[PDB]
Amino acid sequence: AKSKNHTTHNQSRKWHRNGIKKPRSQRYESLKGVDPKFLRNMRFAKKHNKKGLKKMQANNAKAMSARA
Amino acid sequence: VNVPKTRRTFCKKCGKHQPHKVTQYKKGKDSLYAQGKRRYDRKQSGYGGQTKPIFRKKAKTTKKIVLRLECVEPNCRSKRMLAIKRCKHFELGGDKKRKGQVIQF
Amino acid sequence: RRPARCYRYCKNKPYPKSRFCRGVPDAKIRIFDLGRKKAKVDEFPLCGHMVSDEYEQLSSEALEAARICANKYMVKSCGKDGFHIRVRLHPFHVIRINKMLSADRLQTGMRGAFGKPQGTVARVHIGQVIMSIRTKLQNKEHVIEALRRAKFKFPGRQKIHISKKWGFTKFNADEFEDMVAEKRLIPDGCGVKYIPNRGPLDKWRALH
Amino acid sequence: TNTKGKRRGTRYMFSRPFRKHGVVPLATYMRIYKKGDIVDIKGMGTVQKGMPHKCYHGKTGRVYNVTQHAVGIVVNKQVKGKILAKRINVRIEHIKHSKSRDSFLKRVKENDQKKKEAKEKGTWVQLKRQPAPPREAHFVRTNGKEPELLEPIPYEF
RNA sequence: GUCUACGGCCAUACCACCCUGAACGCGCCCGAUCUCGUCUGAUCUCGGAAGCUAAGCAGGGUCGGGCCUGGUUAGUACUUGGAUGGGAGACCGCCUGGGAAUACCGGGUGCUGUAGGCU
RNA sequence: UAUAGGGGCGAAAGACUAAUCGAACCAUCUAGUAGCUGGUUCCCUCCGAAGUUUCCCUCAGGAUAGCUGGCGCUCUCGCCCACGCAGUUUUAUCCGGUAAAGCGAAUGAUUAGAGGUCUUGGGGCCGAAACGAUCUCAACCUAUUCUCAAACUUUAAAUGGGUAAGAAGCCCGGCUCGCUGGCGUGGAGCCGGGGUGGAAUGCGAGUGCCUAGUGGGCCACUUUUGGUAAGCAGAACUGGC
RNA sequence: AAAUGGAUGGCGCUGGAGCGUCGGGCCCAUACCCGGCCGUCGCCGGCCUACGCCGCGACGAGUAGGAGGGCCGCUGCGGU
RNA sequence: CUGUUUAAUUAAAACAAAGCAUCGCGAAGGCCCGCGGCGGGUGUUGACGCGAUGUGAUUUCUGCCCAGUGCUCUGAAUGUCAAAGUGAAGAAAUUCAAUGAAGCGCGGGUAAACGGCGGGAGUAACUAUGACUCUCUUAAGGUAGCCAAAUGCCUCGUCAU
RNA sequence: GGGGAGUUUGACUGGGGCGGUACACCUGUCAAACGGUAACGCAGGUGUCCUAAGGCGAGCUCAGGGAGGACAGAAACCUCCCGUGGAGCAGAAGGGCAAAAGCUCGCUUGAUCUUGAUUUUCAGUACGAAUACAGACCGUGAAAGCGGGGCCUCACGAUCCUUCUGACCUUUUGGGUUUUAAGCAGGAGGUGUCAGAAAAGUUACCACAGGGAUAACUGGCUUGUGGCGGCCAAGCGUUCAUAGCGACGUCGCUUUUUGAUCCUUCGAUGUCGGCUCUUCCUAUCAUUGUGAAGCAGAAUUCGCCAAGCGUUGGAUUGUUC
RNA sequence: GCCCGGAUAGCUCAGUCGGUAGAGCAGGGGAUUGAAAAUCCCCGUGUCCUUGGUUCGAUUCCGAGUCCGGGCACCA
Ligand SMILES: [Mg+2]
Ligand SMILES: [Mg+2]
Ligand SMILES: [Mg+2]
Ligand SMILES: [Mg+2]
Ligand SMILES: [Mg+2]
Ligand SMILES: [Mg+2]
Ligand SMILES: [Mg+2]
Ligand SMILES: [Mg+2]
Ligand SMILES: [Mg+2]
Ligand SMILES: [Mg+2]
Ligand SMILES: [Mg+2]
Ligand SMILES: [Mg+2]
Ligand SMILES: [Mg+2]
Ligand SMILES: [Mg+2]
Ligand SMILES: [Mg+2]
Ligand SMILES: [Mg+2]
Ligand SMILES: [Mg+2]
Ligand SMILES: [Mg+2]
Ligand SMILES: [Mg+2]
Ligand SMILES: [Mg+2]
Ligand SMILES: [Mg+2]
Ligand SMILES: [Mg+2]
Ligand SMILES: [Mg+2]
Ligand SMILES: [Mg+2]
Ligand SMILES: [Mg+2]
Ligand SMILES: [Mg+2]
Ligand SMILES: [Mg+2]
Ligand SMILES: [Mg+2]
Ligand SMILES: [Mg+2]
Ligand SMILES: [Mg+2]
Ligand SMILES: [Mg+2]
Ligand SMILES: [Mg+2]
Ligand SMILES: [Mg+2]
Ligand SMILES: [Mg+2]
Ligand SMILES: [Mg+2]
Ligand SMILES: [Mg+2]
Ligand SMILES: [Mg+2]
Ligand SMILES: [Mg+2]
Ligand SMILES: [Mg+2]
Ligand SMILES: [Mg+2]
Ligand SMILES: [Mg+2]
Ligand SMILES: [Mg+2]
Ligand SMILES: [Mg+2]
Ligand SMILES: [Mg+2]
Ligand SMILES: [Mg+2]
Ligand SMILES: [Mg+2]
Ligand SMILES: [Mg+2]
Ligand SMILES: [Mg+2]
Ligand SMILES: [Mg+2]
Ligand SMILES: [Mg+2]
Ligand SMILES: [Mg+2]
Ligand SMILES: [Mg+2]
Ligand SMILES: [Mg+2]
Ligand SMILES: [Mg+2]
Ligand SMILES: [Mg+2]
Ligand SMILES: [Mg+2]
Ligand SMILES: [Mg+2]
Ligand SMILES: [Zn+2]
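Chains as they are written, first to last, in this note's numbering: chain X, 105 to 172; chain F, 31 to 135; chain A, 40 to 247; chain W, -9 to 147.
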C-alpha cells in the first residue's frame, strides 16, 4: 500500500492556462497599515484643506488668470 | 525557576506602577451547582453509565505557572494574573545566587 | 569481498572518510613510494607516467596489486634503486554495502537500505595520471614493460605516456639543465624550488 | 519534511561575504526613503531584528510606509498559481536603492532637455532608444602587409 | 606642500624593519589641593608647560610580505538548446550560443568632504 | 411423556436440536447498512480536464485550492498616432554560491623528500662524572611536493529570478496640517496652470456568479537520491501517453 | 555455452541486396498548398418565417465532464 | 480393560469409568431455577447424604516453596469509608465538623488451590573428571525417579546390537 | 460481580506482523547558484533551562603560545610580549558578535496594560513564533537612544466544561433588597495519533464486501549470493612461470541455488516429493576419432570435433539433497 | 540481523548521592599449637573495559567501540 507522495510535475502547464498575470494595482492604493501618527496628521490636514482652502486659493486663481 | 517577592508592575486600577505582592496561584476548589456540573449530574443520573469522556492519555508533564499579584497600597487591592513559561522545578522567592562563591559541595 | 565489476562507474556523490562516516575500515594501500625514496633530482632524468583514458573508479586492492607488480618487475629488471615510482592517486571515496542473508526471507526487505561502509576506492578523471616512474635514460624500455604489466591489472583501458618534463617537476627537460646551471632552480631533495626575482634581496645575496 | 521554519536555506545567503565582517557602515543608514522609491532587498546577518525572510532576498519592490527606523515595502511574490503583492516591514539595514530608476530619470531629463531644444531650433532629434542596428557598410584597410595565415595545429599530449 | 577636529568609502589606506619632520598642532612629559576613581594619580579625572621629537604620529624606502587591478592560464575546463552523431557501456566528438579560476608575469600602494592653522 | 433458542440436551466431538447450529426455523422492523464490486437505455453540434497543495483514526474516501464548462456583464474597433497585456527578446540595474576550480588561502583528511638546530627521552663514543665535548634518534619549525571534500572554501560560470523602460509621468505656482521643527524647515495632502512622438515584436482586454469531473498515474531527453541492478523505489525542467 | 524447431521480418544476399562517405532521380500521411461541399465561430449587410435571407473570412480530433439544437422517437391531455 | 463419541472425512493415545483424594452444608442450610409469591428442584432427601471439582485399575511413591495470585479466619484492632441521623455558622438554599456498616490495607493458614524449582570460579603426585571449599542470589533453587521418548533445537547426539 | 450485555482493539509501512516514528516542532545536506521540491535518505536535536543566562550604562578583552620569576613540579599565583575570533555567547548545528551580542560591576523590572496592521505555515484559515508601529506607565543612561523577554533560526495547544481576576458592569422573567446563578473581557487546567474518540486480546470453528492498489507457486527484468569460464603471472611443481595448478588483481557468462522487485492472475492457473512416460541441451562420466603430458607399459590427467547411444540394483529419511 | 543488560582488587561483587574506591574471599606478615588447620593482631591489592563530550570535578551522566550475556526471528 504505497503511493507517490509529493510531486510538482504538470503544475506550470496548469498555472499558465489562464495566465499568471499581476495583481492589477489601481490608482490611489489602499492606505491601511501606514503609520498612525502620520495618519492622524493627514486626516486633520485634509479636513482643514477643505475648510480654509476656499478664499486664498480663489484669490490665487484670479491672480494667475490675470497674469495669464 | 525563581521570582522575587516584591515586583513593581502596572496595575490597571490606579494607572501607575505600584509594588506588588507576588504569590503562587492555587487552582481553587471546584464547586457543585455550576452550569456544567448540574448538567453533568443531570445527564449522569439514570442508567446511562459514563456519558461525557473522561481523559486518559496525559502527556504534558509540566504545568504553566501563573502568579497572583496584589497592589501593596491600601484600598486599591486590585488582583490580576500573569503567566510565565513552563517549568518542571519551581521555588517561590528565596536563595538568590552569588558569583564570588566557593562551592564546598 | 564483492566482485569489482559492480563497484565501477562514478554514480553517487563523493563520500570521504570524514566526520560523518566513522566506521569505514582501513584502505588497502599504505605506502606509496617504493624505489630510491631519497633520490636527488639529477639522479633520474626521465619519467614515464600512466594516463587514464576512461572515467571510472579504481579500487585500493587493485592499486595494491599494481604497485607490487611494477615494483617486482623494476627490481628484477634494472636493479634496486634504479627507479623511483610514485602512485600519484590516493583513495578517499568510500563505497557502501547493503549485505543480505542477515538463508530466509525473514530478516528485512529493502526497508533500511543505507548500506554499511565496504571499503575505499579512488576516483579518476580522464587524463589524470595514475603512476609515475622516474628513471635513468637507459631504462626507457623497462618503464614501458612495467606499466604494460600493470595495465592488465587495472580495469578498463588506459594508456602509457613518456613525459616531456624532467623529473617529477613541472619544468621542461630541454629547458631544465640549461636553466639550473646558472640561476633559478635550486635542487631540494627530490623536489625543485623555483625562485621568482620579486623577493627580498637577501635571497639573491645569499645566492652567488 | 524539509522542516518548514523561518530561514532554513541560508547557510550562505545571510552571510556577510568576506573581509567585511563587523560593524555596519553608516552610509546604509544615512539615506532618504520617500514614498514611491524603488528599493532592492538584501540580507544582512549582522542586524538580526528585522530581516525580511529567505523568500524576499534579491526581490525589488516599492516603498509605501516610513516609520522611525524601518520601512514598509510592497513586493511581488509568486505563490502557487498566481503572483501577489504583499506588504513587508523591513528595517533599514537590509535596503538599498535600485540604480535602474535613477538611470531612467536621467533618461527622462535628457529627453526633456532635447525636447525643449528641438522645439526651439526645429531639429528632429530622435529621442527614443533604438536597439543595436546592423553594422553599416564600413571599409577595412590592409595596407603594407598580407593577411596572417592561420592553420590548425598538430596534436600532441 | 602640510597638520588638527569631525567624517565618507573600509587594507591601493594593514603588518615587519630602516631613514627624515623646519612652523603651528597633536603628543610624550612635571605633579595630586580641590571634581574624580583605583591595591597602585600606571589607566580614568584635574591645575600646568622645565624639557623632548627618543616613541606614537606624519612622509619616504624595502628586486618586502599582503590587497587591488591587468595579462598568461584559455576559447581550455564547464554549459542553454539540437542531432535516426559515434560508442557494448563508460563517456566522447560536432552545430548553436555564452564563458570561469590557481600557480606564472607586469603595475600601483590612499582618494576625498566640512570647519580651522601654520610656512 | 418431559425439557425450546442465548434456550434445551450432551459418557464432551462446540456435537445434536426436522437434509441448516461456534446460537434453529417463520414473519415483521426492512427497500436496514456499506468510503466496497456490477449495470446505468436517442442523435448531432461546440468546448474540454485532473490524478497536484493543505486538513481529517485520513492513505481504496471527503472538504479545500488549482484545472473545466455555462451564464453573462463593462469597455475597445470600424474614418504624425492610440488603452491594456505578454511562459519572448533587448537596454539598464540588482540577487544567488551550483557546474567548474582551489589548497605553497581558513577548516577537514593526506604522500614523500630537503634544511635547521631549541626541546627532551633514547642509542653510541671520548669519561670517575659533568647542557665537558661529540655522533644519532624522535618531536618541532621552515619553505616545498602528490592527492582530495554532500554536511569545506578565497574565486566563480552558463542556464535563471525580480524591478524599470512615462501623462497614475514631469515642471511651475500657491493653500492646509494638532505630524516634524533654528528657519515659511521637512514630509504628506489639496488646488490651479503648462507642454503625451518616449525599446523590439505580437495581440482585444478587464471582471462577476454557479459548478461538474478530478483528489490510484506512467514513460522519454537531461540533472539527480537509496541500491550491485532492474521493465525497482524516490525527486527536478519540458514534452508525451 | 541452454534446454520444442526459428528468426537482420522472410526469401535470400558477396563488381553488394554488407560497412562508411556522398550525389542525381523516385515513392508517400488525414502534414502543406489549391479547388469543391457541410457545420461552428466572428464581422457585418437587406424595411425578407426579421427565430428568415444572403455575403465575407478563420477554423473543425477527443475519454471523465458541461451546455445548445433536434420538422429524432414512445405514451397520454387540452386546442386545431 | 468392557463401554461411548465428531449422523455426512477421524473410533483414538480423546471421552467417561471404578479407585484415590479435596471442599461447602445440620434445613431460618448448601447448590440451583424462576419476571413474580417463603414459588419450585435436589427432597417421598439428612453427612455411609446431597452438592462442586481434580486425578484416573492395582503395586510403589506424593519431595521443596504462602514471594505473586487466589481462597479463607480473626478482632469497630485501628487508617480509608456511602446514604440517613447528630451538632455548629448562616435570613435560607447551603457549608463545615464529629461519629463511622460492608469492603480495601494491616495480621494468621492453605499448594491432592492456580502455579513455580538458578548460574558462576578454583580444586586430587600422568591428564581429565571433580565428592569438597568461597561468593552473589530467590519464597523455594528439580528430591525420588525417567529420557534423545509422543517432550532434545544443535541432531543423522556417542557407543553396542 | 466477564455469571450476563454492549462496544473498542490507532496510523505510517518496498505484503502484513515484529522492529522504528520518517505521526508535531528545529539545524546542515541531498536541492540541479531565486523561492519551492520526496523516500523507514543521511548526520543530528526538543517536549527544557534562566531573578537573571532579561533591560540599560560603564570599564575590560578571549582561546592559545613564547619569555621569566621562592616552595612550584606537565597543570596553582604574578608580570611582559604576540595574539582577526583559532574562545565565549545554557543547550543540536548553522549564521552573527572584539572599546562587542563575550567577562566583571552599578542600578533595576519593558518577562507590565491595550487596540490594530503585516510576515511566517498558507486554502492565502488557525494556533504558535516574529516583525514594524500607536497610546499609557516606567527602567536605564549625562544624553542621543535602547527596552515591551532570552543575539537569530525550535521550545508549544481549539470548541465544551471547570477555575481565578477586572467594572460603585448587565440579566437574574409581576415590581423591589440580599444571597446565588448566568454573561462580557483575559489567564490557567489537557488533548504528544500534537488542527484535538474516551478503548485490551484471540480465532486452526470463523463469517461478509472487496483487492492482484497487496505476500505464498510459476512466468518476466536483475545477478549480490550460488555455479561455470577468460586475461596478467608472484609463486608451487627435484632444476624449470604456463605438463598440471596458480595467489595478489581483473573482465565475463549462466538462470539448475538463494535473494531483490511486484509487472500478470484473489468472481481461484489444484501446492512438495515419488511412480510412469516422451523429447531436448552440453558446461563430456563412458564409448568412436584425435592432440598434450613430470605419457616406458599399464593406469591416469588436460584439451578438441562430438549429445548418436548409455548412465543401473538396494538399506535408511516423505523428501530435493 | 535487530532489540535490550553488563564489564570495577588475584575472584565474586556491590557504592553511585555527578567530590568515597568498599566488603567478603584469596595472597603476605606476625602470635597461638611439637607441627598443621581454625582462631586472634594486622597488612598490601584496583587505570572502577577502552576511546571521547558536559561539568568546577566523570568510577557514575551521555556519545562510540571492544568482549560477553538474555530475548524476537511469526501467517503461509
Ligand atoms: Mg496519490
Ligand atoms: Mg443509579
Ligand atoms: Mg560470482
Ligand atoms: Mg588623592
Ligand atoms: Mg575619591
Ligand atoms: Mg602621570
Ligand atoms: Mg613623537
Ligand atoms: Mg627618530
Ligand atoms: Mg609585492
Ligand atoms: Mg607607506
Ligand atoms: Mg439469538
Ligand atoms: Mg442437522
Ligand atoms: Mg436499495
Ligand atoms: Mg436487504
Ligand atoms: Mg488522501
Ligand atoms: Mg471560464
Ligand atoms: Mg548548497
Ligand atoms: Mg566538483
Ligand atoms: Mg456533475
Ligand atoms: Mg473542486
Ligand atoms: Mg480514488
Ligand atoms: Mg549534452
Ligand atoms: Mg520510477
Ligand atoms: Mg510502483
Ligand atoms: Mg539471418
Ligand atoms: Mg468535435
Ligand atoms: Mg450418547
Ligand atoms: Mg471414521
Ligand atoms: Mg433447598
Ligand atoms: Mg493409581
Ligand atoms: Mg504435589
Ligand atoms: Mg500474607
Ligand atoms: Mg450527609
Ligand atoms: Mg498476632
Ligand atoms: Mg583436576
Ligand atoms: Mg536431577
Ligand atoms: Mg463480553
Ligand atoms: Mg495498516
Ligand atoms: Mg533552490
Ligand atoms: Mg534552482
Ligand atoms: Mg599588544
Ligand atoms: Mg555558531
Ligand atoms: Mg558596552
Ligand atoms: Mg512605546
Ligand atoms: Mg424567577
Ligand atoms: Mg416575583
Ligand atoms: Mg494532526
Ligand atoms: Mg473479539
Ligand atoms: Mg475445538
Ligand atoms: Mg501487482
Ligand atoms: Mg508475484
Ligand atoms: Mg478466473
Ligand atoms: Mg480451475
Ligand atoms: Mg488446468
Ligand atoms: Mg538422444
Ligand atoms: Mg548492554
Ligand atoms: Mg575483574
Ligand atoms: Zn494599585
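All C-beta atoms in this analysis are idealised placements derived from N, C-alpha and C, irrespective of residue type, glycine included.
Candidates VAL163(A), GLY62(A) and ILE70(A): closest to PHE193(A) by CA position: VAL163(A)
Look up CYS108(A) in the DSSP assignment and say whether it is helix, strand or coil. helix
Considering only C-alpha positions, which residue in the set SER5(W), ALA60(W) and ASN55(W) is nearest to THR18(W)? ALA60(W)
Short of 8 Å in beta carbon distance, which residues of its chain neighbour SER88(W), apart from the five on each side in sequence? Order them along the chain. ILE28, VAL29, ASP30 and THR50
If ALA66(A) sits next to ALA189(A), beta carbons under 8 Å apart, how far is it from one beta carbon to the other, in whole angstroms? That pair is no contact at about 19 Å.
Residues in the stretch 126 to 138 of chain X having any Cβ partner in chain W nearer than 8 Å: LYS126, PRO127, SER129, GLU133, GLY137 and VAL138
Compare the Cα-Cα distances from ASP102(W) to each of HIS43(W), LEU117(W), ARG91(W) and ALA75(W) and report the closest residue. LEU117(W)
Among the residues of its own chain, which have a CB less than 6 Å from the CB of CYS86(A), if the five just before and after it don't count? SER171, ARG173 and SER202
Beta-carbon contacts of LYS77(A) that lie in its chain and below 8 Å, excluding the five residues immediately before and after: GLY228 and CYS229
So which residues on chain X does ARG77(W) lean against when the C-beta distance must stay under 8 Å? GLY137
Residues bridged to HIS132(A) [DSSP beta-bridge criterion]: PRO55(A) and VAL160(A)
Helix, strand or coil at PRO49(F) [DSSP, three-state]: coil
Let me confirm a value: residue 265(A) is counted as buried when at least 16 other C-beta atoms fall within 10 Å, else exposed. Which label applies? For chain A, the structure presents residues 40 to 247; residue 265(A) sits outside this window and is missing.
Using only the alpha-carbon positions, how far apart do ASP120(A) and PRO84(A) sit? 14 Å
Terminal residues of the continuous beta strand (DSSP E) containing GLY87(A)? 85 to 91
Let me know the secondary structure DSSP gives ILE183(A) once reduced to three states. helix
Alpha carbon to alpha carbon, how far is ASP71(F) from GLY79(F)? Give it in angstroms, no decimals. 11 Å
Neighbour-count burial assignment, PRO42(W), 16 or more Cβ in a 10 Å radius: buried
Under 7 Å from the C-beta of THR57(W): neighbouring residues of chain X: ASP139
Alpha-carbon spacing of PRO123(W) relative to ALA108(W), whole angstroms: 24 Å
Among the residues of its own chain, which have a CB less than 8 Å from the CB of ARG131(W), if the five just before and after it don't count? none
7 Å CB neighbourhood of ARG196(A) in its chain, flanking five on each side removed: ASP92 and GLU93
Quick one: using the 10 Å Cβ neighbour count with 16 as the cut-off for buried, is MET20(W) buried or exposed? exposed
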